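Reading through the structure tokens given below for one structure.
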Amino acid sequence: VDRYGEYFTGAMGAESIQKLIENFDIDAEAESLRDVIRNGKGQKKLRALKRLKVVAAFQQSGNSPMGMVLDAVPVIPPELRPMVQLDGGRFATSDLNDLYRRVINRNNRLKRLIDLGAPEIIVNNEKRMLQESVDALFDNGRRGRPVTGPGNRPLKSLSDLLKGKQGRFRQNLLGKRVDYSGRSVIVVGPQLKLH
Amino acid sequence: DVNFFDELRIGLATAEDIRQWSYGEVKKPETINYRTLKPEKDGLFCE
Amino acid sequence: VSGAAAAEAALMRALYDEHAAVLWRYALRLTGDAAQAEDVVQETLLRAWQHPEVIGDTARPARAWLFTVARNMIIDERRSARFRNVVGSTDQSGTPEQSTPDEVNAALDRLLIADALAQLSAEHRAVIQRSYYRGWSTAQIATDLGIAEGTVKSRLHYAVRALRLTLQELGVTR
Amino acid sequence: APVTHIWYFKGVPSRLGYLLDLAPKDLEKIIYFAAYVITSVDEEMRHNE
DNA sequence: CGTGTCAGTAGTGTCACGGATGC
DNA sequence: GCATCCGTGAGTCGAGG
RNA sequence: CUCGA
């Protein structure tokens, strides 16, 4: 940049990828993969087949791939992340609140560094932490070591509300608790009829 | 609210769609006030 | 010139490469949360960029001033806001889930109120449904129905007792 | 500052790596501020100079 | 409000299986 | 062209803490 | 956490 900065443009972080997706020809890269697919060696063709599977979806559907890079993150309504009061006087909140709070804390600090004109090393190292925070909010533990809460317990992300046996699908949609029901011990009754 | 609707569509949420849903921005990181139990303005529980 | 402003950025990147990794370990021992230690590191080095007195003397240990700033940051976080909230997480076990009682008593009362309401004159029924169901004021109902102020007071006064008659005739508990 | 959805970066297979033909680890070095990436280069101006 | 004699991780005994990731 | 490594999954219901 | 089929 100090020498030939007039000739090229580079960047770091996520905003750079946002620029690469913008400076990307969907139809050309799709047909370029097709040309490789029509006549190619299976060793290097299978790797181009699966690429077309991703690119062709963005081409036909009409939705831009830019959605993979976020400028704003949505906040789930509070009753789905409720904060309850305890009989000891203190409180207890969902782990989603601590993840949203950490994203808010680091995003406001980044706004301070941008305003102050702080050195690029602080702003870039701050932008990295905001990436890890949103990554923790959506799927904590996916990359690297998870954000531990008090007691080395991994915080539950938004995607943890849908995963596995404890997720929303299996725990609250495929099976539910029902009214007008009961349970007791069973005892054999010979005098009873089969019905 | 009848129970017959054919398709359920899913798609990528534009950053502009996120603003279309949002009833406001969560600026402050605070939650509530630990005396009045009233949520702080622009917090994670802002009324 | 431009090189003088760039030398300040190379100076900050220098103390990053020599102090940031060690300062992160220090805050990690004091808090135990790595995501919090990163927050303390960024705030401590931000105050180093704002204090040229600490970056001036290289013959004086600047690492010690960083550990002390980080210590007085972790001790401030440890006050009131952490005091009440930090204790529990709903995701964590041992916390009772919030429950809402059933609407059985309310549904039965609503049914009995609807029955006693059907046995009222259209005037009295359209006045109690505008005072208690819509929560308007006495003059608001008077303005809507085109009647007098005391007319709304008298209709409400009787219709209430008319409902008490029908409820006590059906055995509703006082 | 813009941010990436971790579902499409770290989720296997890397959806971003398939779109931009970038390697997963190279993408990992880009997002988390470990390596710059060239967004554009004036190739004609470079030739004329 | 300001801070300054070195100041240094937690936690560590699953596994089968497939396919993208990587030298 | 291939060994590596990552990510995925691993019965149901009930009781007291 | 511990137990029941």
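Here, A, B, ... name the chains of the structure tokens in the order displayed, residue numbers run from 1 inside each chain, and ligands are numbered from 1 in the same displayed order.
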Tell me, counting only C-alpha atoms (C1' of nucleotides), for each residue of chain G within 8 Å of chain F, which pair of atoms is nearest and how far apart they are in Å to one decimal, in rows ordered by chain and increasing number, as JSON lines.
{"residue": "G:1", "atom": "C1'", "partner": "F:17", "partner_atom": "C1'", "distance": 7.5}
{"residue": "G:3", "atom": "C1'", "partner": "F:15", "partner_atom": "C1'", "distance": 7.6}
{"residue": "G:4", "atom": "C1'", "partner": "F:14", "partner_atom": "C1'", "distance": 7.2}
For this session: Could you please tell me, as a PyMOL selection string, which residues of chain E have an atom within 12 Å of chain A when using only C-alpha atoms (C1' of nucleotides)?
Result: chain E and resi 10-11+19-20
Suppose we keep C-alpha atoms (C1' of nucleotides); can you now write the selection as a PDB file, in the first residue's frame?
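Ended up saving to selection.pdb:
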ATOM      1  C1'  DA E  10      -8.640 -24.353  32.396  1.00  0.00           C
ATOM      2  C1'  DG E  11      -8.774 -28.818  31.734  1.00  0.00           C
ATOM      3  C1'  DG E  19     -16.729 -36.771   3.337  1.00  0.00           C
ATOM      4  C1'  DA E  20     -15.004 -32.315   2.987  1.00  0.00           C
TER       5       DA E  20
END
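Those residues of chain A that fall within 7 Å of chain B when using only C-alpha atoms read residues 67, 70, 71, 72, 73, 74, 78, 101, 104 and 105 of chain A.
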Could the residues in this selection be saved with N, CA and C atoms as a short mmCIF file (atom, residue, chain, number, x, y, z; two decimals), in the first residue's frame?
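Okay, part_33.cif is ready:
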data_model
loop_
_atom_site.label_atom_id
_atom_site.label_comp_id
_atom_site.auth_asym_id
_atom_site.auth_seq_id
_atom_site.Cartn_x
_atom_site.Cartn_y
_atom_site.Cartn_z
N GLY A 67 -26.77 -11.94 1.68
CA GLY A 67 -27.39 -12.21 2.96
C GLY A 67 -26.52 -13.00 3.91
N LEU A 70 -23.93 -10.10 7.36
CA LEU A 70 -24.97 -9.36 8.06
C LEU A 70 -24.50 -7.95 8.40
N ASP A 71 -25.38 -6.98 8.16
CA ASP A 71 -25.20 -5.63 8.67
C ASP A 71 -26.03 -5.37 9.92
N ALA A 72 -27.07 -6.16 10.15
CA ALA A 72 -27.89 -6.08 11.35
C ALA A 72 -28.29 -7.48 11.77
N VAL A 73 -28.32 -7.72 13.07
CA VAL A 73 -28.67 -9.02 13.65
C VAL A 73 -30.00 -8.87 14.38
N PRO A 74 -30.95 -9.78 14.20
CA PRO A 74 -32.24 -9.65 14.88
C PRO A 74 -32.16 -10.13 16.33
N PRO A 78 -38.42 -10.83 24.07
CA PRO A 78 -37.89 -11.12 25.42
C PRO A 78 -38.53 -12.33 26.09
N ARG A 101 -25.97 -9.44 25.03
CA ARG A 101 -25.31 -8.38 25.79
C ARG A 101 -23.84 -8.25 25.38
N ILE A 104 -23.73 -6.50 22.04
CA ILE A 104 -24.00 -5.08 22.23
C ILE A 104 -22.79 -4.38 22.83
N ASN A 105 -22.15 -5.01 23.82
CA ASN A 105 -21.00 -4.40 24.48
C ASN A 105 -19.86 -4.16 23.49
#
Seminar exercise, completed: re atom CA of residue 1 of chain D and atom CA of residue 114 of chain A: distance 9.9 Å
Problem set entry | Non-local contacts of residue 58 of chain A (12 Å; only C-alpha atoms (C1' of nucleotides); under 4 positions in same chain excluded) as a PyMOL selection string | (chain A and resi 21+24-27+29-30+51-54+62-68) or (chain B and resi 11-12) or (chain D and resi 15-16+18-19)
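The coordinates place atom CA of residue 146 of chain A at 18.8 Å from atom CA of residue 166 of chain A.
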Exercise. Got a sec to tell me which of chain D DSSP assigns to alpha helix (DSSP H), as a PyMOL selection string?
Worked result: chain D and resi 6-9+15-19+24-31+43-48
For this session: Would you work out the distance separating atom CA of residue 123 of chain C from atom CA of residue 155 of chain C, expressed in Å to one decimal?
Result: 7.7 Å
Once you count only C-alpha atoms, which residues of chain A turn out to be within 6 Å of chain C? Could you give them as a PDB file with N, CA, C and O atoms, in the first residue's frame?
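Output file part_3.pdb follows:
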ATOM      1  N   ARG A  90     -32.158 -12.336  44.195  1.00  0.00           N
ATOM      2  CA  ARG A  90     -31.372 -12.121  42.989  1.00  0.00           C
ATOM      3  C   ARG A  90     -32.177 -12.560  41.766  1.00  0.00           C
ATOM      4  O   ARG A  90     -33.371 -12.858  41.852  1.00  0.00           O
ATOM      5  N   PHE A  91     -31.529 -12.606  40.603  1.00  0.00           N
ATOM      6  CA  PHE A  91     -32.210 -12.844  39.338  1.00  0.00           C
ATOM      7  C   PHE A  91     -31.517 -13.964  38.572  1.00  0.00           C
ATOM      8  O   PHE A  91     -30.470 -14.476  38.980  1.00  0.00           O
ATOM      9  N   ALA A  92     -32.119 -14.337  37.444  1.00  0.00           N
ATOM     10  CA  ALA A  92     -31.584 -15.388  36.581  1.00  0.00           C
ATOM     11  C   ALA A  92     -32.133 -15.173  35.180  1.00  0.00           C
ATOM     12  O   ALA A  92     -33.353 -15.143  34.996  1.00  0.00           O
ATOM     13  N   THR A  93     -31.245 -15.026  34.199  1.00  0.00           N
ATOM     14  CA  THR A  93     -31.636 -14.737  32.828  1.00  0.00           C
ATOM     15  C   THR A  93     -31.137 -15.829  31.889  1.00  0.00           C
ATOM     16  O   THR A  93     -30.206 -16.573  32.204  1.00  0.00           O
ATOM     17  N   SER A  94     -31.769 -15.914  30.721  1.00  0.00           N
ATOM     18  CA  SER A  94     -31.373 -16.899  29.726  1.00  0.00           C
ATOM     19  C   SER A  94     -29.987 -16.575  29.179  1.00  0.00           C
ATOM     20  O   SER A  94     -29.550 -15.421  29.172  1.00  0.00           O
ATOM     21  N   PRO A 119      -6.074   3.575  16.646  1.00  0.00           N
ATOM     22  CA  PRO A 119      -5.210   2.854  15.704  1.00  0.00           C
ATOM     23  C   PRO A 119      -5.922   1.663  15.082  1.00  0.00           C
ATOM     24  O   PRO A 119      -6.767   1.017  15.706  1.00  0.00           O
TER      25      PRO A 119
END
Exercise. What are the residues of chain D that have an atom within 9 Å of an atom of chain E, counting only C-alpha atoms (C1' of nucleotides), as a count of residues only?
Worked result: 5
Exercise. Which chain C residues are at most 6 Å from chain E (counting only C-alpha atoms (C1' of nucleotides)), as number ranges by chain?
Worked result: C: 25, 64-65, 68-69
For this session: Could you pull out the residues in segment 26-193 of chain A that DSSP calls strand (DSSP E or B) from the backbone, as a list in words?
Result: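 Result set for segment 26-193 of chain A (strand (DSSP E or B)): residues 69, 70, 83, 84, 85, 91, 92, 93, 148 and 154 of chain A.
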Deliver the residues from the most recent selection as a file, using N, CA and C atoms, as a compact mmCIF listing (two decimals), in the first residue's frame.
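Output saved as result-v3.txt:
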# COMPACT_ATOMS: atom_id res chain seq x y z
N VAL A 69 -23.61 -12.27 4.70
CA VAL A 69 -22.91 -11.25 5.48
C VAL A 69 -23.95 -10.30 6.04
N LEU A 70 -23.93 -10.10 7.36
CA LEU A 70 -24.97 -9.36 8.06
C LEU A 70 -24.50 -7.95 8.40
N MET A 83 -36.19 -13.42 31.79
CA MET A 83 -35.37 -13.23 32.98
C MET A 83 -36.29 -13.29 34.20
N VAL A 84 -36.10 -14.31 35.02
CA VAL A 84 -36.98 -14.57 36.16
C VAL A 84 -36.29 -14.11 37.44
N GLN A 85 -37.10 -13.77 38.43
CA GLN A 85 -36.60 -13.40 39.75
C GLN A 85 -36.57 -14.63 40.65
N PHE A 91 -31.53 -12.61 40.60
CA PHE A 91 -32.21 -12.84 39.34
C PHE A 91 -31.52 -13.96 38.57
N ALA A 92 -32.12 -14.34 37.44
CA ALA A 92 -31.58 -15.39 36.58
C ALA A 92 -32.13 -15.17 35.18
N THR A 93 -31.24 -15.03 34.20
CA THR A 93 -31.64 -14.74 32.83
C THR A 93 -31.14 -15.83 31.89
N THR A 148 -17.72 -19.87 27.74
CA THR A 148 -18.13 -20.47 29.00
C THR A 148 -18.81 -19.43 29.88
N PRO A 154 -20.93 -24.27 28.93
CA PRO A 154 -21.11 -23.62 27.62
C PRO A 154 -22.47 -22.96 27.52
For this session: Give as number ranges by chain every residue of chain D that touches chain A within 7 Å, counting only C-alpha atoms.
Result: D: 1-6, 8, 10, 18-19, 30-33, 35-42, 45-46
Generate a file of the selected residues that holds N, CA, C and O atoms, formatted as an mmCIF file, in the first residue's frame.
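Result saved to out-v8.cif:
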data_model
loop_
_atom_site.group_PDB
_atom_site.id
_atom_site.type_symbol
_atom_site.label_atom_id
_atom_site.label_comp_id
_atom_site.auth_asym_id
_atom_site.auth_seq_id
_atom_site.Cartn_x
_atom_site.Cartn_y
_atom_site.Cartn_z
ATOM 1 N N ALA D 1 -19.767 -2.701 11.867
ATOM 2 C CA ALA D 1 -18.944 -3.355 10.867
ATOM 3 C C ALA D 1 -19.666 -4.619 10.431
ATOM 4 O O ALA D 1 -20.189 -5.347 11.289
ATOM 5 N N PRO D 2 -19.722 -4.901 9.130
ATOM 6 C CA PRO D 2 -20.415 -6.109 8.667
ATOM 7 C C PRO D 2 -19.825 -7.371 9.277
ATOM 8 O O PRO D 2 -18.653 -7.420 9.657
ATOM 9 N N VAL D 3 -20.667 -8.401 9.377
ATOM 10 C CA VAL D 3 -20.308 -9.653 10.027
ATOM 11 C C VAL D 3 -20.886 -10.803 9.210
ATOM 12 O O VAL D 3 -21.857 -10.643 8.466
ATOM 13 N N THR D 4 -20.269 -11.974 9.346
ATOM 14 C CA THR D 4 -20.673 -13.157 8.600
ATOM 15 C C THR D 4 -21.477 -14.101 9.483
ATOM 16 O O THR D 4 -21.211 -14.232 10.681
ATOM 17 N N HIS D 5 -22.460 -14.758 8.878
ATOM 18 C CA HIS D 5 -23.244 -15.775 9.564
ATOM 19 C C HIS D 5 -22.413 -17.048 9.667
ATOM 20 O O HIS D 5 -22.025 -17.625 8.645
ATOM 21 N N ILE D 6 -22.136 -17.485 10.899
ATOM 22 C CA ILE D 6 -21.243 -18.619 11.114
ATOM 23 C C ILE D 6 -21.788 -19.902 10.497
ATOM 24 O O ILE D 6 -21.019 -20.830 10.223
ATOM 25 N N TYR D 8 -22.787 -20.349 7.518
ATOM 26 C CA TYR D 8 -22.338 -20.469 6.138
ATOM 27 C C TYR D 8 -20.826 -20.386 5.987
ATOM 28 O O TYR D 8 -20.314 -20.664 4.897
ATOM 29 N N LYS D 10 -18.394 -21.562 8.885
ATOM 30 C CA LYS D 10 -17.838 -22.707 9.595
ATOM 31 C C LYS D 10 -18.639 -23.983 9.379
ATOM 32 O O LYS D 10 -18.077 -25.080 9.480
ATOM 33 N N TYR D 18 -17.442 -22.339 -1.179
ATOM 34 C CA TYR D 18 -17.911 -22.897 -2.442
ATOM 35 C C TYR D 18 -18.315 -21.812 -3.430
ATOM 36 O O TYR D 18 -18.210 -22.016 -4.644
ATOM 37 N N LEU D 19 -18.770 -20.661 -2.936
ATOM 38 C CA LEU D 19 -19.219 -19.598 -3.827
ATOM 39 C C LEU D 19 -18.041 -18.829 -4.415
ATOM 40 O O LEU D 19 -18.002 -18.566 -5.621
ATOM 41 N N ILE D 30 -9.123 -14.801 6.677
ATOM 42 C CA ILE D 30 -9.630 -13.516 6.206
ATOM 43 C C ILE D 30 -10.593 -12.908 7.217
ATOM 44 O O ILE D 30 -10.434 -11.754 7.629
ATOM 45 N N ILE D 31 -11.604 -13.676 7.630
ATOM 46 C CA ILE D 31 -12.688 -13.122 8.440
ATOM 47 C C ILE D 31 -12.165 -12.632 9.783
ATOM 48 O O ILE D 31 -12.563 -11.566 10.270
ATOM 49 N N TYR D 32 -11.265 -13.395 10.402
ATOM 50 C CA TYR D 32 -10.795 -13.110 11.751
ATOM 51 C C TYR D 32 -9.488 -12.327 11.758
ATOM 52 O O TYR D 32 -8.709 -12.420 12.714
ATOM 53 N N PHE D 33 -9.239 -11.556 10.697
ATOM 54 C CA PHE D 33 -8.174 -10.554 10.661
ATOM 55 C C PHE D 33 -6.797 -11.181 10.874
ATOM 56 O O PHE D 33 -6.031 -10.781 11.752
ATOM 57 N N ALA D 35 -5.151 -12.177 7.648
ATOM 58 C CA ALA D 35 -4.539 -11.969 6.345
ATOM 59 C C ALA D 35 -5.430 -11.050 5.522
ATOM 60 O O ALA D 35 -6.653 -11.205 5.519
ATOM 61 N N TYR D 36 -4.809 -10.093 4.838
ATOM 62 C CA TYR D 36 -5.541 -9.259 3.899
ATOM 63 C C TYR D 36 -5.918 -10.065 2.660
ATOM 64 O O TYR D 36 -5.339 -11.115 2.365
ATOM 65 N N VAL D 37 -6.907 -9.560 1.928
ATOM 66 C CA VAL D 37 -7.348 -10.167 0.679
ATOM 67 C C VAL D 37 -7.525 -9.067 -0.357
ATOM 68 O O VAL D 37 -8.021 -7.978 -0.046
ATOM 69 N N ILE D 38 -7.098 -9.344 -1.585
ATOM 70 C CA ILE D 38 -7.157 -8.360 -2.661
ATOM 71 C C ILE D 38 -8.570 -8.334 -3.228
ATOM 72 O O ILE D 38 -9.061 -9.340 -3.750
ATOM 73 N N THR D 39 -9.226 -7.178 -3.127
ATOM 74 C CA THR D 39 -10.580 -7.021 -3.643
ATOM 75 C C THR D 39 -10.591 -6.604 -5.108
ATOM 76 O O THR D 39 -11.460 -7.043 -5.870
ATOM 77 N N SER D 40 -9.641 -5.765 -5.517
ATOM 78 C CA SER D 40 -9.574 -5.296 -6.893
ATOM 79 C C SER D 40 -8.157 -4.826 -7.186
ATOM 80 O O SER D 40 -7.419 -4.434 -6.279
ATOM 81 N N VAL D 41 -7.791 -4.872 -8.466
ATOM 82 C CA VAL D 41 -6.483 -4.407 -8.915
ATOM 83 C C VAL D 41 -6.610 -3.819 -10.314
ATOM 84 O O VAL D 41 -7.092 -4.482 -11.241
ATOM 85 N N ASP D 42 -6.192 -2.564 -10.473
ATOM 86 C CA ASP D 42 -6.238 -1.899 -11.770
ATOM 87 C C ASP D 42 -5.142 -2.472 -12.657
ATOM 88 O O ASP D 42 -4.015 -1.967 -12.681
ATOM 89 N N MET D 45 -3.750 -0.014 -15.491
ATOM 90 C CA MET D 45 -2.864 1.021 -14.967
ATOM 91 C C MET D 45 -1.516 0.436 -14.570
ATOM 92 O O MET D 45 -0.475 1.081 -14.741
ATOM 93 N N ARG D 46 -1.515 -0.788 -14.037
ATOM 94 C CA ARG D 46 -0.258 -1.453 -13.711
ATOM 95 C C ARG D 46 0.564 -1.713 -14.966
ATOM 96 O O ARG D 46 1.796 -1.608 -14.943
#
